[PDB]
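# Architecture and fold: a report
Residue-level listing of the chains:
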Amino acid sequence: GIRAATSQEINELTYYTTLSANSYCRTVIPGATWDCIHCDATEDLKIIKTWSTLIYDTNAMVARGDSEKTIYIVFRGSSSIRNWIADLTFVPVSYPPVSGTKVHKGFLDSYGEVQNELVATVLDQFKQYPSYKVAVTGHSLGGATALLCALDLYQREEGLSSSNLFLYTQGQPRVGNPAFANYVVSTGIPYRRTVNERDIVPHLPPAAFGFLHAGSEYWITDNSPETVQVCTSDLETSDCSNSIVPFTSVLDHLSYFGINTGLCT
């Protein structure tokens, strides 16, 4: 159906959004310090490792909130040419862990370069805090890579399944075909897919090229006071930001909840 976001979700959906926007800050990744404009909000977390992989420029980080009993994994969106050209290399390629599935190559390539050194901290981190949960967040490409990760992590069958893995993305592009959208639903991993007003990104690559989203769509429809509408299907639906097309925006994609997501502004 369609229902509306309870002030709680809304409040939780902004926190993931702040982690996502602070990641565009050179002092977080890779300074690895909470010295940014909306850094006091997340300053209680211990940053555990930061990465800036060389070919694709993938920027991600692992942090721990012990007050929150959470293990955070965060990836940054496009900030450099190497991110933009990945962004553009969308030929669908095969989805290795799941036969019959296809995913946008650039996005795959981008996670494949940080993947390993990243999956090994989380696990290290979790082997010592088996009771904490894992929240994975990301903006625009970051959301794309944040998706593949949660998947890589649920696949290593290491204690992580649906009751302790959470996914939050913001203005996230589509990642793979209808079969991939489908397999994502299967994991049952909890996935909050936020889209701000007219934002374009969530609309690219185009569905006709064989791209379909998975994820409960939290569509922000007004900003003051904030209002979010939730379309509870798990696969893409024609009733949240899909109905405002073709009147899309770029501005709308750089601001979620009042926070600048892109510029570290």
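Below, the structure is looked at part by part. (Residues numbered from 1 in each chain as written, not as in the entry; some residues may be left out. Heavy atoms only, no water.)

### Things to note about a nonpolar patch on the surface
Together, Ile81, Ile85 and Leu88 make up a nonpolar patch on the protein surface, roughly 340 Å² of accessible area in all. Locating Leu88 in the fold gives a position in helix 2 (residues 81-88). Taking relative accessible area as the criterion, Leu88 reaches 55% and is therefore assigned exposed. (Patch = residues over 30% accessible without salt bridge, like charges linked within 9 Å, V, L, I, M, F, W, Y side chains within 5 Å. Areas by Shrake-Rupley, 256 points an atom, 1.4 Å probe, with all protein chains shown as cover. Salt bridge = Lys/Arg side-chain N within 4 Å of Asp/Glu carboxyl O. Helix = DSSP H or I, 4+ residues; strand = E, 2+ residues; numbered from the N terminus. Buried < 20%, exposed > 50% of the residue type's maximum accessible area, 1.4 Å probe, protein only.)

### Regarding the layout of surface pockets
Computed from the structure, the largest pocket encloses a volume of approximately 500 Å³. Along its surface, the largest pocket is lined by 22 residues, and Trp84, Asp87, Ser140, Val201 and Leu204 are the ones closest to its centre. Per element, the largest residue contribution to the lining of the largest pocket is 3 residues, and it comes from helix 2. In this structure, the second largest pocket spans a volume of roughly 170 Å³. As for the second largest pocket, its lining consists of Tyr95, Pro96, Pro97, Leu108, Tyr111, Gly112, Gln115, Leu148, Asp152, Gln155 and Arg156. (1 Å grid on protein atoms, 1.4 Å probe; cavity = no way out; pocket = protein on both sides within 12 Å on 5 of 7 lines; lining within 4 Å. Points joined across faces, edges and corners; volume = space filled by probe spheres on them.)

### Describing the sheet that holds strand 11 (residues 226-231)
The pairing of strands in a sheet comes from backbone hydrogen bonds and takes either a parallel or an antiparallel form. The 9 strands are arranged 1-11-10-9-8-7-4-3-2 in an open sheet whose pairing can be described as mixed. Edge positions in the open sheet fall to strand 1 (2-4) and strand 2 (46-52), since each of these has one partner strand only. Adjacent strand axes in the sheet meet at a mean angle of 20 degrees when their direction is disregarded. Here helix 4 (residues 115-127) sits on the sheet and contacts strand 2, strand 3 (59-65), strand 4 (70-75) and strand 7 (133-139); the angle it forms with strand 2, its principal contact strand, is near 170 degrees. (Pairing = 2+ DSSP bridges. Axes fitted to C-alpha atoms, helices over the stretch in contact; angles between N-to-C directions. Contact = heavy atoms within 4.5 Å.)

Remember, this is a structural readout, not a statement about activity or role.
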